[PDB]
Amino acid sequence: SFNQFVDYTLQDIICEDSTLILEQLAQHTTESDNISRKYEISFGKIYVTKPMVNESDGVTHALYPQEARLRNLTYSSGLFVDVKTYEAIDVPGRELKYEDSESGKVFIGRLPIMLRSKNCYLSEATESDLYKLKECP
Amino acid sequence: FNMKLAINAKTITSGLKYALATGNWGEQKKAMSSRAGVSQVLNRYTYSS
Amino acid sequence: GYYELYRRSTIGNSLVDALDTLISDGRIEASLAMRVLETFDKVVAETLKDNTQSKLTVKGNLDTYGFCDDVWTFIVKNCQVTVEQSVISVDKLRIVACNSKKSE
Amino acid sequence: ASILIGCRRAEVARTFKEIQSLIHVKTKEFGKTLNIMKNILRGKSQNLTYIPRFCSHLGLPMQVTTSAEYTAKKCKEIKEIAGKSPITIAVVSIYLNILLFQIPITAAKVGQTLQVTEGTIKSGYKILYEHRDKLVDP
Amino acid sequence: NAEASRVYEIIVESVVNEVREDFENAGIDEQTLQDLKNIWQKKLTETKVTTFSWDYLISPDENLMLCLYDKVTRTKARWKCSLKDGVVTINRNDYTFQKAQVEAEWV
Amino acid sequence: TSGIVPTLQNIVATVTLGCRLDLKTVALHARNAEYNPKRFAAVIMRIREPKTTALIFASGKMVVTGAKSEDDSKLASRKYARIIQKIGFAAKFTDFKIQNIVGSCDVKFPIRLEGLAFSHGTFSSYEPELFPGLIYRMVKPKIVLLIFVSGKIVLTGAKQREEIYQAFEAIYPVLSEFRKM
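Residue numbers (this note's numbering), protein chains in the order written: chain B, 7 to 143; chain A, 20 to 68; chain G, 26 to 129; chain V, 142 to 279; chain Z, 268 to 374; chain L, 578 to 758.
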């Protein structure tokens, strides 16, 4: 269930509602005329990290579950997502052509990841390494 | 387009963390339309348990 | 609206002298004459805008300056003029200019 | 001003560039307000801490951080304030540390990595080029 | 200067092309216009400036100039001047430009 | 006790005239050009040999600056009044009142600015980030003192040279004992 929610269902729930536009032609008469200032914001492909925790005045460590468990952290990985003028003018008559980015991959937040997931550290350990990390196989 | 997305990050991170820590299934608005026992603490008295 | 400063040149002096000879001849109306001088100010403005290309530079020392409204009391004493080849030694140069951007 | 004072007195030193990037307060009224908050709190009554955030933003292990601390204290001790808010030469301490190692963290990258001038980087490189003598521990 | 000479030929052709309509609405013959023309040539050869094809208050031979500018500034004694689109009559030699610079210092 | 005298960078004094003057008539009578009428309601002139600056209001209420000497400012105001009467308007010389004197000097040794700011924390005020100099305002007499790392001590606030040197030996021991190295 978790793996399904991470691999799909997340990109889906983003891409179903990505668009948000405030394209301003004039929103009144004149303004002489004016042009169709496409202020548009839309989201593209998303990204997910490994579990990864910073502290105050600190580096952002690669976390590990025992260390989180001892220090009362929350085993979470960050998410950060891409974000996306060139217009079309209308005066009164005719109409139907009254139709931004400036950056890339902005941060959106971090979600608590589940142990042994696709993106957990521990789904790739050998027994010996698992013992090295000090948790029970 | 930058300063508000960080408090946005705080909102969704806080929401998920709060829901999983508490068990009430709803945002920080005193649990409307919600269920209680959704995120219990793991029982670890015995491997079978 | 363009300034009428183009009469301080040798061409301006010769043109004003010839038109004063014609005014003494009494053959040219006064309002017509100001319209005529205004047309010279226009045509000399665009022909000095486009019918010249090169660069010459004068280096000297100022002795006249101050703080008033834009009628530049600038005199340069003992300056040097070179063009692009020909180097000209100068004892005293007058500089007056006024606003170049179009004032509405 | 209140955020910076509280965050600084919690011993979390943050850069004025980051404060201005979060909220532009044109760097002047911010300064006057910081002075009047200083005076108010004075009446009512840490540069070394900047380095781990930058090496965090560059992703390097502990030993360059320790070397940076040692070099910063030593160059602080002797001479060469050299730079008008010497956070710049604090940064070029890391620059000479990573030149002491062999990991490609070129200054052309570093300048926009830290929103800092590359010419200041090379000037710090020169002023530490003639001052290599007592900056390395082992 | 061939450049200066052609500049005065352009301006004299421009002024004689401009005055045609004005003196025809004034209703005067071309003979008087040629009289103004050769008065112009005799005055320019009288000036003989360039080789032609033909106390604390206010107090010719002095060298005269006119131009426009871009921007003027000073460093506390030394005014630097940007110049464009002008003409200078320098030591009985006349020269023009579309750009120039005055590099002088006030004492 | 200082062993060195500070130097003055500017003397700013107020010399009124008590006579109504018209700045645009002065502009038409002038010998000058650098002014925007839509920039200030007082005219500015710097004459040549003393390089002193006048800020003439419409009633002759003027504050001299750009001067390094009090008598130089006085003769400058005399020259200005002479200029105004040469224009044709009354301008009688009036009180030569100093409101501020600007000075700067050096002492040429490294300094302990943190020790200065922490110990003298009544009037001392220093931050290293936006400025390399300390802010100090001693109240007896009320004189403001600024402290570079390099020893550039720029001085202002005193209405007289004797008080600005009085500030200088007032601050010289506390500067001298707070040196670095």
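Heads up, the beta-carbon is just placed ideally off N, CA and C, and yes, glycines get one too.
Span separating the alpha-carbon of residue i from that of residue j
i: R194/V; j: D63/B; result: 6 Å
i: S162/V; j: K347/Z; result: 37 Å
i: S33/A; j: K685/L; result: 57 Å
i: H272/V; j: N21/A; result: 42 Å
i: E285/Z; j: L118/G; result: 33 Å
i: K651/L; j: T733/L; result: 20 Å
i: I53/G; j: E280/Z; result: 21 Å
i: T212/V; j: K275/V; result: 9 Å
i: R689/L; j: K757/L; result: 5 Å
i: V101/G; j: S114/G; result: 12 Å
i: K628/L; j: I660/L; result: 16 Å
i: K44/B; j: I31/A; result: 28 Å
i: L331/Z; j: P614/L; result: 28 Å
i: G84/B; j: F617/L; result: 57 Å
i: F65/G; j: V374/Z; result: 38 Å
i: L62/G; j: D96/B; result: 47 Å
i: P750/L; j: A744/L; result: 11 Å
i: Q105/G; j: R341/Z; result: 20 Å
i: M51/A; j: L39/A; result: 16 Å
i: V121/G; j: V108/G; result: 21 Å
i: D352/Z; j: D75/G; result: 8 Å
i: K217/V; j: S727/L; result: 16 Å
i: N86/G; j: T578/L; result: 46 Å
i: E297/Z; j: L311/Z; result: 21 Å
i: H606/L; j: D95/G; result: 14 Å
i: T25/B; j: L201/V; result: 38 Å
Within-9 Å CB hit, residue i to chain D
i: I621/L; result: Although the question refers to chain D, the structure presented lacks it and instead comprises the protein chains B, A, G, V, Z and L.
Option in the options with minimal Cα separation from residue i
i: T72/G; options: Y275/Z, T356/Z, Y362/Z and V355/Z; result: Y275/Z
i: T207/V; options: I192/V, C216/V, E218/V and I219/V; result: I192/V
i: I26/A; options: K140/B, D23/B and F113/B; result: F113/B
i: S234/V; options: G200/V, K185/V, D274/V and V205/V; result: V205/V
i: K309/Z; options: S49/G, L30/G and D42/G; result: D42/G
i: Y270/V; options: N238/V, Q243/V and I244/V; result: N238/V
i: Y657/L; options: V731/L, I624/L and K719/L; result: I624/L
i: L255/V; options: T229/V, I244/V, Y266/V and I268/V; result: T229/V
i: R359/Z; options: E329/Z, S349/Z and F319/Z; result: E329/Z
i: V277/V; options: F242/V, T258/V and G252/V; result: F242/V
i: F49/B; options: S109/B, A131/B and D88/B; result: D88/B
i: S264/V; options: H165/V, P202/V, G224/V and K167/V; result: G224/V
i: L139/B; options: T25/B, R75/B, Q10/B and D13/B; result: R75/B
i: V620/L; options: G37/G, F92/G, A122/G and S128/G; result: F92/G
i: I19/B; options: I52/B, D106/B and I119/B; result: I52/B
i: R116/B; options: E29/B, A131/B and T80/B; result: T80/B
i: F171/V; options: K158/V, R183/V and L182/V; result: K158/V
i: residue 782/L; options: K215/V, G260/V, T168/V and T261/V; result: Past the edges of chain L, shown from 578 to 758, lies residue 782/L, and the structure says nothing about it.
i: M120/B; options: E93/B, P57/B and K103/B; result: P57/B
Beta-bridge partners of residue i, as assigned by DSSP
i: residue 131/A; result: Past the boundaries of the shown model lies residue 131/A; chain A is included only from 20 to 68, so the question cannot be answered.
i: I100/G; result: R119/G
i: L87/G; result: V101/G and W373/Z
i: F49/B; result: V89/B
i: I730/L; result: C682/L and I724/L
i: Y362/Z; result: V355/Z
i: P57/B; result: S83/B
Checklist entry - Which runs of the beta strand (DSSP E) fall wholly inside the segment 314–342 of chain Z and span at least 3 residues, in chain order? => result Counting only runs of 3 or more, we get 331–342.
Next on the checklist: Give the list of continuous alpha helix (DSSP H) stretches no shorter than 4 residues that lie fully inside the segment 169–224 of chain V.
Outcome noted: List check, alpha helix (DSSP H) in window: 170–185, 192–199 and 203–219.
Item to check | At least three beta-carbon pairs within less than 8 Å, the segment 634–642 of chain L to the segment 582–594 of chain L | outcome: The answer is yes - the segment 582–594 of chain L touches the segment 634–642 of chain L, with three or more Cβ pairs under 8 Å.
Checklist entry - When the Cβ atoms of the segment 600–610 of chain L are set against those of the segment 696–709 of chain L, are three or more pairs found closer than 8 Å? => result These segments do not touch.
Next on the checklist: Assess contact between the segment 176–193 of chain V and the segment 246–255 of chain V, defined as three or more Cβ pairs (one per stretch) separated by less than 8 Å. Is contact present?
Outcome noted: These segments do not touch.
Checklist entry - Counting Cβ pairs, one atom from each stretch, are 3 or more of them under 8 Å apart for the segment 168–178 of chain V and the segment 701–717 of chain L? => result Judged by Cβ distances under 8 Å, the segment 168–178 of chain V makes contact with the segment 701–717 of chain L, as three or more pairs qualify.
Item to check | At least three beta-carbon pairs within less than 8 Å, the segment 329–347 of chain Z to the segment 145–153 of chain V | outcome: With the cut-off at 8 Å, the segment 329–347 of chain Z and the segment 145–153 of chain V do not touch.
Item to check | Inside the segment 15–41 of chain B only - alpha helix (DSSP H) runs reaching at least 4 residues | outcome: Taking only runs of at least 4 residues, the alpha helix (DSSP H) segments lying wholly in the segment 15–41 of chain B are 16–21.
Next on the checklist: Between the segment 119–136 of chain B and the segment 70–78 of chain B, can you find at least three pairs of beta-carbon atoms closer than 8 Å?
Outcome noted: A contact exists between the segment 70–78 of chain B and the segment 119–136 of chain B.
Checklist entry - Do three or more CB pairs link the segment 78–89 of chain G to the segment 353–371 of chain Z at distances below 8 Å? => result The segment 78–89 of chain G is in contact with the segment 353–371 of chain Z.
Next on the checklist: For the structure I just gave you, are there three or more beta carbon pairs, one from the segment 660–680 of chain L and one from the segment 714–723 of chain L, closer than 8 Å?
Outcome noted: Put simply, the segment 660–680 of chain L does not touch the segment 714–723 of chain L. Fewer than three CB pairs are less than 8 Å apart.
Next on the checklist: Going residue by residue through the segment 693–725 of chain L, where are the continuous beta strand (DSSP E) segments of at least 3 residues, counting only ones entirely within it?
Outcome noted: As far as the segment 693–725 of chain L is concerned, its whole beta strand (DSSP E) runs of at least 3 residues are 711–716 and 719–724.
Item to check | Any beta strand (DSSP E) of 3 or more consecutive residues that is wholly inside the segment 652–695 of chain L | outcome: Within the segment 652–695 of chain L, the complete beta strand (DSSP E) runs of at least 3 residues are 673–682.
Item to check | Whole alpha helix (DSSP H) elements within the segment 220–269 of chain V, 4-residue minimum | outcome: Runs of the alpha helix (DSSP H) inside the segment 220–269 of chain V: 228–241 and 248–254.
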